[PDB]
Amino acid sequence: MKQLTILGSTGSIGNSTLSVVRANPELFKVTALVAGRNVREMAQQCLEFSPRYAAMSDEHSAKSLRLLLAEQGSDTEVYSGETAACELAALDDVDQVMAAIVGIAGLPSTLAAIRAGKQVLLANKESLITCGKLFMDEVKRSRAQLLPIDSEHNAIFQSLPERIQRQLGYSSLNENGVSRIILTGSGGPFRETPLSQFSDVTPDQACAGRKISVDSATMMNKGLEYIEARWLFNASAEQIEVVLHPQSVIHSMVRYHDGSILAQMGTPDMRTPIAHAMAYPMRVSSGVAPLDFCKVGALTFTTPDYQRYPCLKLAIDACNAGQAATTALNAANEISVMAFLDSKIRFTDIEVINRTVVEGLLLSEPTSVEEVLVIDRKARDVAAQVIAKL
Amino acid sequence: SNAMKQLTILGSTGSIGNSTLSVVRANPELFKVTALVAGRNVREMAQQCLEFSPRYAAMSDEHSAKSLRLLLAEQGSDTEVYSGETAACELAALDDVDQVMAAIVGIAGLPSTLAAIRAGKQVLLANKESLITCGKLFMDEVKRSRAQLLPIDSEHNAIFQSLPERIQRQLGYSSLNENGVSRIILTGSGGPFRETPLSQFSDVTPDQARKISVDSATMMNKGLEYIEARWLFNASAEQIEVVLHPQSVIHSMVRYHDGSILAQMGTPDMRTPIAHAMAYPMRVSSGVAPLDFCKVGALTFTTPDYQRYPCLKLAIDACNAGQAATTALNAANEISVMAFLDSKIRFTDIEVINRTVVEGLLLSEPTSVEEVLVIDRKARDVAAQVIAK
Ligand SMILES: [Mg+2]
Ligand SMILES: [Mg+2]
Ligand SMILES: [Mg+2]
């Protein structure tokens, strides 16, 4: 019987997590929920799952929630603010914390769950993109157990030995028999587009949410998954490669010393890796029909060409350059993408802008959230500057 | 290493034995050969003894053993030489040996294999007949001494690697269901006649498909793997499926309760599963070229056509009928295949011969190697008669 705190409960990952709980009531108890300002949805979740605690992002939201709950005679205690969220992430009786507050704003609560020794289900990506060293050092310090919920990281996790799975990101891949992690992805809608057509890609062509569309066409999404993966799995540059797999049947793979490659497959569904993570080392049922091998297309593979995906190369370079570089790249990219979606720059200008920012860098390695914030803001400025000027 | 693993290799001069030595040769600080067992191949045994200096070697008879000792003497070896079944069984059970490569083929391989298991060893299983013929006996003995079994064959190895750790550690006597396992997926290529029109089957010559070739041409190989797989993994009929995968990049896979699948992939290099099994639970390098994903083509999947592959269905039937039936099936098939190879019967006869023998016998479930052997002879003989018609 697991006690849960869910950080970022009203969003998509929040609801999927709650969905698993709803299907497995004897396995999972919700102790605490933390959300932003969506009072209507948070009330509905508190009324269904009876948490002991709830926290909103601000006092005004908390007060409206307190009213809604009190009308139903609920027992739930309501708080607000970042400190409250951190406290709920560290409660004694809690076994499992879903860290799904998005953006850099998600760092402090994530880090509080990690600092409390909890099983942490990692749904926040900036933690590792921007201050991986601080996060993974805190992991080793507290022995916290990380479990990735995004499909690729979750497939690498399942393709690894228990020994590494239970010592996530602070055990040696090599000593434990791992030769290299194989991070896979589809290559986006432009995997076969003639290179000459890239300069003409429009927002509507990349877009048929919107920013994630663009990140998956540039492979920035894969680049970010790459950097988080070097931190999550304690891998060097030589211990990871990226392979294209158009059909998205394999989710990712792991090569071992003797030649063996273990791979995880399954029909694409958000809930599956969440449910794997939450139930681990048990398994519980899915909604979706099991993958049928007579109905998958043939499975194919390639190597990503840097001419076609220069952002990928850029994210690797940024990775090897350090955390200030990846913080900056991440921030720069957000600006680039909106600028593209706002028809201000060409599709092909994204890498250029991003590279300019990354290579213009000369700041120290960040060692806290505060220093990450500084770099993030500087990088948005320079990126915006670099945009305006062409 | 101060935790070197000591090895007994049974059937040291076969191809599995030599590949096992290759992994030793690549990791000389991790593995030490303590004993080698072979049959009649005196020259080969000697080259291996002179390379790895085992404490002991056995041959299958005294003529073999005496001449081996002569060459070992000429070259100044400290290897003590023995012969006979008893010797092999003792070599399989030395106190200081951690693991036994059980690679003696045929029913001849059962005594030594059983001796390793009973000594609670890490047993690297490379003898089909052990589980096809007396599964119940071998598995009861595994549970009873807690021996750790490690499938060496491609597909069984792939399945082992794709299963939860808790299953791996209690291999053969743990619950698939309780560990989130839903289904074992046994894959195979379909062999050379996967796409031959059925009406040409009757005309297939021994060439177009060596017992080995034929076995995978009929997919008797896979049905055999299927029976062994039921014992090895403690799977019911409903917990195992067969899938055709022509390119054989995926070596086999496991479905879990959440619908997710784990597969092991690699290249055809037999050192992969051997090094896996030998290093277990650690891993080692052994010179294997990492699968290159630019060079694999499209991977494709399909269900086996029992019309094209009747043997498979027969193997499943035999399995459901019990150990006498599967023992009979194994034996019938040897006689059957040789009869196809010797230009005495249609390719297309092999199954009917096999099913006829399997279906014509009044047997009792064997409960010892000896009774296994009795069903084997009986069944070989019946097969001989069926052929005369
Ligand atoms: Mg992803
Ligand atoms: Mg020793
Ligand atoms: Mg095989």
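Residues numbered from 1 in each chain as written, not as in the entry; some residues may be left out. Chains lettered and ligands numbered in written order. Heavy atoms only, no water.

Structure determination for this entry, per the PDB record, employed X-ray crystallography and reached 2.210 Å resolution.

The next point concerns the overall build of chain B. Assigned secondary structure in chain B consists of 15 helices and eleven strands. The C-alpha atoms of chain B give 21 Å as radius of gyration, which agrees with the globular expectation for 389 residues (21 Å, within 12%). With the C-alpha coordinates aligned to their principal axes, the bounding extent of chain B is approximately 60 × 50 × 40 Å. Split into buried and exposed, the 389 residues of chain B put 59% on the buried side. Accessible surface for chain B amounts to roughly 15,800 Å². Of this, 49% is attributable to carbon and sulfur atoms. (Helix = DSSP H or I, 4+ residues; strand = E, 2+ residues; numbered from the N terminus. Rg over C-alpha atoms; globule rule 2.2 N^0.38 Å. Buried < 20%, exposed > 50% of the residue type's maximum accessible area, 1.4 Å probe, protein only. Areas by Shrake-Rupley, 256 points an atom, 1.4 Å probe, with all protein chains shown as cover.)

Next up on the list: the sheet that holds strand β10 (residues 250-256) of chain B. Strand order across the open sheet formed by eight strands is β9(A)-β8(A)-β10(A)-β11(A)-β11(B)-β10(B)-β8(B)-β9(B), with mixed pairing between neighbours. Looking at strand neighbours, the two that pair on one side only are β9 (240-244) of chain A together with β9 (240-244) of chain B, the edges of this open sheet. Between one strand axis and the next, the sheet turns by 20° as a mean value, whatever way the strands run. Across the sheet, helix α7 (residues 151-158) of chain A is in contact with β8 (178-185), β10 (250-256) and β11 (261-265) of chain A together with β11 (261-265) of chain B; its angle to β10(A) comes to roughly 35°. (Pairing = 2+ DSSP bridges. Axes fitted to C-alpha atoms, helices over the stretch in contact; angles between N-to-C directions. Contact = heavy atoms within 4.5 Å.)

Moving on to empty space enclosed by the protein. For the largest cavity, the calculated volume is near 60 Å³. Forming the boundary of the largest cavity are A:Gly266, A:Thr267, A:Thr272, A:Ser286, A:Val288, A:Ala289, A:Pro290, A:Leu291, B:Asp258, B:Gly259 and B:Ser260. Per-class residue counts for the lining of the largest cavity are four nonpolar, six polar and one charged. (1 Å grid on protein atoms, 1.4 Å probe; cavity = no way out; pocket = protein on both sides within 12 Å on 5 of 7 lines; lining within 4 Å. Points joined across faces, edges and corners; volume = space filled by probe spheres on them. Nonpolar A, V, L, I, M, F, W, Y, C, P; charged D, E, K, R; others polar.)

Interfaces are often sized by the amount of accessible area the parts lose when they come together. Residue and element names in this part refer to chain B. The domain architecture assigned to chain B consists of domain 1 (1-153), domain 2 (154-305) and domain 3 (306-389). Averaged C-alpha coordinates put domain 1 and domain 3 at centres separated by 30 Å. Interface area, domain 1 with domain 3, both sides summed: about 830 Å², of which 66% is carbon and sulfur. Contact with domain 3 buries surface across domain 1, with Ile107, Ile132 and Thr133 losing the most and accounting together for 57% of the total. Linking domain 1 with domain 3 are zero salt bridges, by the criterion used here. Linking domain 1 with domain 3 are three residue pairs in polar contact, by the criterion used here. When contributions to the side of domain 1 that touches domain 3 are tallied by element, the ones reaching two or more residues are α5 (110-118) and α6 (129-145). (Domains from an automatic or database assignment. Buried area = accessible area lost by both parts, 1.4 Å probe. Salt bridge = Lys/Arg side-chain N within 4 Å of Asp/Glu carboxyl O. Polar contact = N/O pair within 3.5 Å; in protein donor to acceptor, adjacent residues only side chain to side chain.)

Chain A puts 36 residues into the contact, and the matching count from chain B is 39 residues. Interface of chain A and chain B: buried area, both sides summed, is about 3,200 Å²; carbon and sulfur atoms make up 61% of it. Looking at the side of chain A facing chain B, the largest losses of area belong to A:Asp258, A:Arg283 and A:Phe293, adding up to 23% of the total buried there. Our count for the chain A to chain B interface comes out at two salt bridges.

Geometrically, the link from A:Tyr280 to A:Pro281 is a cis peptide bond, its omega value of -5° lying close to zero. Inspection of the secondary structure assignment puts A:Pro281 in the loop between α12 (271-279) and α13 (310-321). For A:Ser343, which is not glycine, the phi torsion reads 55° and is therefore positive. Relative to the helices and strands, A:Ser343 is located in the loop between α14 (323-341) and α15 (349-359). Located in the positive-phi region is B:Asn234, a residue other than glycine, with phi close to 60°. Following the sequence through the fold, B:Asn234 ends up in the loop between α10 (220-233) and β9.

Residue and element names in this part refer to chain A. Under the definition given, this model contains 43 salt bridges over all chains. Of the charged contacts in the structure, one is a salt bridge between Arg380 and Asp376, with a shortest N-O distance of 2.8 Å. Taken together, the residues span about one helical turn, with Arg380 and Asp376 both in helix α16 (residues 369-388) at a distance of four residues.

On to the pairing of strand β2 (residues 31-37) of chain B. Residues and elements named next belong to chain B. A large share of β2 lies buried, amounting to six of its seven residues. Assessed by its sense of winding, the connection that carries the chain from strand β1 (residues 5-10) through helix α1 (residues 15-26) to β2 is right-handed. As paired elements, β2 and strand β3 (residues 56-59) share three bridges and run parallel to each other. By the bridge assignment for β3, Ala35 is matched with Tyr56. Remark: the β2/helix α2 (residues 42-52)/β3 crossover connection has right-handed handedness. (Right-handed = clockwise from strand over helix to strand, strands pointing away.)

Attention now goes to the domain arrangement of chain A. Residues and elements named next belong to chain A. When its domains are assigned, chain A resolves into domain 1 (1-150), domain 2 (151-305) and domain 3 (306-390). Using C-alpha coordinates to define each centre, domain 1 is positioned 26 Å away from domain 2. At the interface, 33 residues of domain 1 touch 29 residues of domain 2. Buried area between domain 1 and domain 2, summed over both chains or domains, comes out near 2,600 Å², and the portion from carbon and sulfur atoms is 67%. The interface formed by domain 1 and domain 2 includes one salt bridge.

Turning to the sheet that holds strand β7 (residues 145-148) of chain A, a few remarks are in order. Residues and elements named next belong to chain A. The sheet built from seven strands is open, its strands ordered β4-β3-β2-β1-β5-β6-β7 with parallel pairing. The open sheet has two edge strands, β4 (77-80) and β7, and neither has a second partner. The sheet shows a mean angle of 25° between the axes of neighbouring strands, direction not considered. Alignment of strand β3 (residues 53-56) against β4, held across four bridges, turns out to be parallel. Counterpart to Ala54 in the pairing with β4 is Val78.

Our next topic: the pairing of strand β5 (residues 96-99) of chain A. Residues and elements named next belong to chain A. Across the two faces of β5 the burial is the same, with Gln96 and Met98 and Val97 and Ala99 all buried. Pairing of strand β1 (residues 2-7) with β5, which is carried by four bridges, proceeds in the parallel orientation. Following the sheet pairing, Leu4 is matched in β5 by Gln96. Strand direction decides the pairing type here: β5 and strand β6 (residues 119-122), joined by four bridges, are parallel. Looking across to β6, one finds that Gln96 is bridged to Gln119. In this fold, the crossover linking β5 to β6 by way of helix α5 (residues 107-115) has right-handed handedness.

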